[PDB]
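# Commentary on secondary and tertiary structure
Residue strings, one per chain:
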Amino acid sequence: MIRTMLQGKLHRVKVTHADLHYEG
Amino acid sequence: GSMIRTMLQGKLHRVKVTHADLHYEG
Amino acid sequence: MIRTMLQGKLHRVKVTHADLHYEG
Amino acid sequence: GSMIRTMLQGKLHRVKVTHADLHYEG
Amino acid sequence: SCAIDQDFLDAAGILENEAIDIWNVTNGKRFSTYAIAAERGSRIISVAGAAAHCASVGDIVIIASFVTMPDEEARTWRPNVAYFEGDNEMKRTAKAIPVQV
Amino acid sequence: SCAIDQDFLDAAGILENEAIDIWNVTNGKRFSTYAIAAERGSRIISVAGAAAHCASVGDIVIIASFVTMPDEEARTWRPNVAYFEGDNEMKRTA
Amino acid sequence: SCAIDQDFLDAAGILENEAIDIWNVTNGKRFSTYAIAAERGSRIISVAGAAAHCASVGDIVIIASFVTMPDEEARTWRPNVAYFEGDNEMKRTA
Amino acid sequence: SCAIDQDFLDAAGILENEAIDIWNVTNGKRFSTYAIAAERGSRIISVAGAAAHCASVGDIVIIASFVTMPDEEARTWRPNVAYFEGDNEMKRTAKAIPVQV
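Residues numbered from 1 in each chain as written, not as in the entry; some residues may be left out. Chains lettered and ligands numbered in written order. Heavy atoms only, no water. Residues with missing side-chain atoms left out of burial classes, pairs and counts.

For this entry, the PDB record names X-ray crystallography as the structure determination method and reports a resolution of 1.70 Å.

In this section: the pattern of salt bridges. Pairing between side chains of opposite charge can happen when the charged atoms of each approach one another. Evaluated as defined, the whole model comprises 28 salt bridges over all chains. The salt bridge involving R43 of chain F is made with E89 of chain F; its shortest N-O contact spans 3.1 Å. With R43 of chain F in the loop between β4 (36-38) and β5 (45-48) and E89 of chain F in strand β8 (residues 89-91), this residue pair connects regions lying 46 residues apart in the sequence. Through salt bridges with shared partners, a single ionic network connects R3 of chain A, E18 of chain F together with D71 and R75 of chain H. (Salt bridge = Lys/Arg side-chain N within 4 Å of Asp/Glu carboxyl O. Helix = DSSP H or I, 4+ residues; strand = E, 2+ residues; numbered from the N terminus.)

Below, the discussion takes up the packing of aromatic side chains. Residue and element names in this part refer to chain G. Counted according to the given criterion, the structure contains eight aromatic pairs over all chains. Here the aromatic rings of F8 and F84 are separated by 4.8 Å at their centres, their planes lie at 70 degrees, and the arrangement is edge-to-face. Residue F8 is located in helix α1 (residues 6-12), and its partner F84 is located in strand β7 (residues 80-85); the two are separated by 76 residues in the primary sequence. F84 carries the same exposure label as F8, and that label is buried. (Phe/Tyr/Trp six-rings, centres within 6.5 Å; stacked < 30°, edge-to-face > 60°. Buried < 20%, exposed > 50% of the residue type's maximum accessible area, 1.4 Å probe, protein only.)

Pairing is mixed in the open sheet, where four strands are placed in the order β2(B)-β5(F)-β1(F)-β4(F). The two strands at the open ends of the sheet, each matched to only one other strand, are β2 (19-21) of chain B together with β4 of chain F. Averaged over neighbouring strand pairs, the angle between their axes works out to 20 degrees when direction is ignored. Relative to β4 of chain F, strand β1 (residues 2-5) of chain F runs parallel, the two sharing three bridges. Following the sheet pairing, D5 of chain F is matched in β4 of chain F by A38 of chain F. (Pairing = 2+ DSSP bridges. Axes fitted to C-alpha atoms, helices over the stretch in contact; angles between N-to-C directions.)

Moving on: the pairing of strand β1 (residues 2-14) of chain C. Both β1 of chain C and strand β5 (residues 60-70) of chain E contribute to a ladder of 10 bridges, which runs antiparallel. Note that in β5 of chain E the partner of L10 of chain C across the bridge is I63 of chain E. Summarising the sheet, β1 of chain C and strand β6 (residues 80-85) of chain E pair through four bridges and their orientation is parallel. Pairing of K9 of chain C across the sheet is with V81 of chain E, part of β6 of chain E.

Looking now at the pairing of strand β1 (residues 2-5) of chain E. Residues and elements named next belong to chain E. Pairing geometry for β1 and strand β3 (residues 30-38), over four bridges, is parallel. The residue of β3 that forms the bridge with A3 is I36. The sheet contact formed by β1 and strand β4 (residues 45-48) spans three bridges and is antiparallel. Across the sheet, residue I4 finds its bridge partner in β4, namely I45.

Structure, rendered in structure tokens:
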């Protein structure tokens, strides 16, 4: 029986850049 | 294979939310 | 490398019953 | 373990939709 | 959750208690729940509880399940698909071998 | 986080830090997070942060966990279900 | 279904009947479905049924597949990425 | 997709090209994408393309990854959590052993 577990998290980081035209 | 299924392991059915906080950092 | 694949589907079935008070 | 990761296998980046049909039974 | 005529589960290879995705053709809503068996021949597709906010009686939906397997096997994998018309009548085929003309 | 009374986690077979899905019967919202244990006997179901946009105090929810297993095992598998009423009073059957 | 030119599937390492995520750059909608092959050289990206509520002809989308693997493998893994412009003209780099 | 200062990836155990869930505390949106590394010490959290419809500059978010493992191991599993304040300043601790009073 295989469980899905939280591996890790970044808690309450702030978005510094956002744009529809950035790649990725 | 072997082909692996995703199955309901368990559930809490119709529990009531007791606390809700946008600001609780926890 | 493990892939996630469509196992099966029911194509264009019609919902016959719906209610917020049904169990499950 | 072993602990298993979910990784981007591949992607089609910025392809354009050529056909869209609610009624295509396919 | 979502109850489904066992005959339909048999055809699609979907199991009781298996995770399923439901894609509502009528309203575009998409959600994930788990399957329960309804009586064989009932032709029932029932949505319960929270999921009843996402589908109504008469909506046309696609119900799917997914499995994992290694890449080598996945290259030749074949899904189990059942097609429906009208009042949840499952289409053949599977045509009978012609014995009459 | 979604903090959940440890007794409830035990009954449903849900582990601390396990992925869970929450289906809100009251408002129809559906989201996924992870479980953390609250004190045994507290009867707490607590939503925090982003998840507090999806549920409020008083809302009735279903909290589910999913596991993977081979087909043969899946065909005889019986989920761990706990049913609630009242002041998050737990029963074995509905 | 989401039917996709087989050449595009080959370049991204996506298999017929594999689960895919579609992220619509044009309208921000995000959904998951499965891939079916369209004829090689057709340059088709076709959405059908329910998924046609989430994308329209002309929309720019990203189609991704995810696999699972152990951590060590994951740490050196290189995804198969195909970049598009114009009349769904494919390149190896951006 | 979402670019993240490598120092933050290191602390959370999140890998380049790994599936991540992003939960937007500011607007309640929840979505899944994959991680890319930003320059170490940049303190960047960048959202690109379609995902830019779900988060704006200044929004507070939680970024998580999940792994699978057998139940026996999962019972004692410990996630890698990094906490932040202000302008993406990672909090200790990890406190220094008291050597001064």
